[PDB]
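Single chain ahead, by itself, as C-alpha cells, in the form deposited in one PDB entry.
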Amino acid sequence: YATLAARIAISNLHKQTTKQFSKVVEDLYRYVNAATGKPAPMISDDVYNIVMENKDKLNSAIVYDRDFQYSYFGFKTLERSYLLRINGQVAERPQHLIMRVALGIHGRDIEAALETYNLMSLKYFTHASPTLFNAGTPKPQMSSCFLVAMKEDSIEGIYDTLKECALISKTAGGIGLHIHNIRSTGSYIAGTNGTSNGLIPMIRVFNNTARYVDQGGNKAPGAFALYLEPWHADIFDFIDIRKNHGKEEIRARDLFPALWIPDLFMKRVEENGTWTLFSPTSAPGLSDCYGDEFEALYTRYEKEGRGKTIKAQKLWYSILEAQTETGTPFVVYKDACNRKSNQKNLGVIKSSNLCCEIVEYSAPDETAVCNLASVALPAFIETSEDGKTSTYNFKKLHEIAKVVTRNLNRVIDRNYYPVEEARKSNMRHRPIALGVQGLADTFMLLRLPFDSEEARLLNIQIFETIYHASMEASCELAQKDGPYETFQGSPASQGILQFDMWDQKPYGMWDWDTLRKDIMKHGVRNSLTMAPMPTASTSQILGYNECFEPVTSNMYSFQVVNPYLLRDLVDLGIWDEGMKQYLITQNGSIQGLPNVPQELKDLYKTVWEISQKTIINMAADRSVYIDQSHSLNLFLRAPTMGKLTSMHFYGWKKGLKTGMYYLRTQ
C-alpha cells in the first residue's frame, strides 16, 4: 500500500542532505547559532577528531540502501525528533545518526564502531532514545532513568532533592523519586505550633518544577514517578493525584504515583483485616527493611498505638478506583524486588523508576542510573531448515545480546552525569538494562498465537538466551577490567543467579554451570543486566510492536492495517472493502468476522481478547531471567472491582516485582 510514501520522503531527504558523512560531521561540528553569534557545536571534540582521523574507512562503511528499512511512521519519528537539525532544516540522514551513535559509544575501537553500525543499520538492535539523541554530542547524557532518594525529612533535604530533580530534568531521562520518609499531614515540627502539611503540598512543588524545567527540547518527559509505601498516613490523597475532578490544590496532574507494596499489605487485604497508617516520624525504619524484618517491626508499631488503623480493603478499594479512572497508581512489590535483587548487598531498595522496570538501589548520596537498549526479536527469524517452515536463530540472538551488553557497558564510561550522585552510583555498581521489542511480530511471523503452548515456550527460550548472553558478555568484561566495585557479597558472587532466587531450574538451553563457575571465579562487570522497557518510541523507529505485549489493534495507526494480517487476508482472496470496514468498525479486532479462518483469529487476537492470566503467566515465566523488572501494562475489557482484584493478587502470588504498570481500559 502507501509504504510508497516512505521511499518518497526518504530520497527527498537524500536531496536536502550532503551524502558524505564526514562532511555532515564537519557541518554539525562547525555550527554557529546565527541569531546569537555563539559557536554551538553538535559533535564533541572527541568524536570530531575521531571522524577526521578515519574519514575514508568511515564514509565508505556507510550503506545508504539501509535507509529504506524504515516505514513511513518510523521515518517521520526520526525526522521530527531524532536526526540532528541545522537551523530548522534536517542535516543528518538515518545512517549518519547511527554512525554517530556507534562512535559516541566506541571511541577509538573503530572495529567495535563498525560492528555496532552494521548491526543497527540492519535493525538487529537499537539503543534507547537518550542515547540516539546524545551519543557523540558535547553533553552526552545517554541514560534513560534516574532513581532519586528523598535526601531527608527537612526543608533542606526537600530543597536539595528538588534541586537535583531540576538539574536532572534539564536533560534526557525520567525520574523515579521515593518519598516514604517525609512526615505526613499534621505531624509535629519542632520550633513551631505549626503542624506539617504532609505530602500533597510538597508534591505540588515537585509537579511545578516538572513543568518549569522544559526547554531541554522535548527530551525530558516533564513527569516524575513518585514511590510511596501504602502504610504512609498520606496515602489516600497520594493515590488520587491524577484524578480528573475534585479540588485542584489536592491534585498534581504531571506526576505519576507508584506504590511500593509490602507483602503484608496484600495479606491483610486478602484476609480482610486491619491496615495501619503511620507518619515516618512516629514509625522510623519502616522503609529501610523488608519481608520478615518489616513484618516484625510493623506489627510492633501497630501494637504500640503509634499510628492509625483502618480497614485494609478501604485502601484497597480506593486504589482500584484511582486505577480504573486514571490508570495509576502503578504497582510494584517491594519485597519481591528486594528478595530477588542482585543488589541486596547494598541495602534496601526503596523504589523503581518512571516505567516500573528498573530495580536498583538509591540513597541520598547515590542516585541510581540506567542505560537501555532493546533487541529486535523478529530479526532472528530464518527459514533455515531447508524448506518452508521458519525457525528462530538463537545462536545469533546470543551473539547479538553480547554485543549490546558491551555497548551498554561502554556508555557507562562515556556518559555525561547531570549530578555527582549519579556518577558515584553508576561507577560503583555499573547496572545495565537490556530489553526487547517486536515479540508480537516474532510470534505472528512464526505462526504462533500469543496464548499458545508454543508461544509460552519461545518466550522462556528467548529470555533465557538474552540473560545467558549478557552475563557471559559481562563476565568476559570482568576478566578484562575487574568486577564492579561492589560485587563481593552479591548473590552473583555466591553463585546465585536470577532464576535461583525464584527457586527454579533454568530452561537449560545454555550451559549455566560453566557460566556460573566463571562468575564465582572472575566476577561480572555489571551488577544487573536485564530490564525490559516500554520501547514506546524506538519500536516505532524499527517498525515493531512495543515491547513484549501483543498488538493493541490490527489497525496499527492515515490508519495502516497490520501487514501480516493484510498479507494473509489477501492470500486467501477474501480481502475486499467489507474487510477494510469490519476492522475499522471493530478497531483492529478480527473475531466475529464471518469469513475469516480460525487460525487467523487465534493468531491476531488483540490484547483485549487475550486473557490476563496468560499475560501474567508469561510475565512470570520470563521474569526468572530478568535481573531487574519489566513494564507490565495491563489491559481490561469491561473493567470491574473483582476482575482487577484477582489480577493484582494473581501477579502478586506469582512472585512478580512489577505487578502493574499502566492499567489501560474502555
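In case it trips you up, residue 1 is the first one in the sequence shown, and so on. Only residues modelled in both forms are compared. Basically, rigid core = biggest C-alpha set you can superpose within 1.5 Å across the two forms.
What comes next is about the form deposited with a partner chain bound, which is not displayed.
J.: Using a 4.5 angstroms cut-off on non-hydrogen atoms, would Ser60 count as touching the partner chain in the entry with it bound?
T.: Heavy-atom contact with the partner chain at 4.5 Å: absent for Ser60.
J.: Would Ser611 count as touching the partner chain in the entry with it bound under a 4.5 Å heavy atom rule?
T.: Residue-level check for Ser611: yes, a contact with the partner chain.
J.: At the 4.5 Å heavy atom threshold, is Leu636 in contact with the partner chain in the entry with it bound?
T.: Although the partner chain is absent here, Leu636 would touch it in the entry with it bound, with heavy atoms inside 4.5 Å.
J.: Check whether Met52 has any heavy atom within 4.5 Å of a heavy atom of the partner chain in the entry with it bound, and answer yes or no.
T.: Answer no; every heavy atom of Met52 is more than 4.5 Å from the partner chain in the entry with it bound.
J.: Quick one: find which of 595-603, 612-620, 65-73, 52-60 has residues within 4.5 Å of the partner chain in the entry with it bound by heavy atom distance.
T.: Stretch 612-620 is the one.
J.: All three of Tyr564, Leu566 and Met579 touching the partner chain in the entry with it bound at 4.5 Å, heavy atom to heavy atom?
T.: Result no, not one residue of the spot touches the partner chain.
J.: Pick from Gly88, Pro594, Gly191, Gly387: whose Cα moves by 2 Å or more between this form and the one not shown, rigid core superposed?
T.: The one that shifts is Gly387.
J.: Could you identify the runs between this form and the one not shown where three or more consecutive residues, present in both forms, all have C-alpha shifts of 2 Å or more after superposing the core?
T.: Segment displaced between this form and the one not shown after core fit: 384-388 only.
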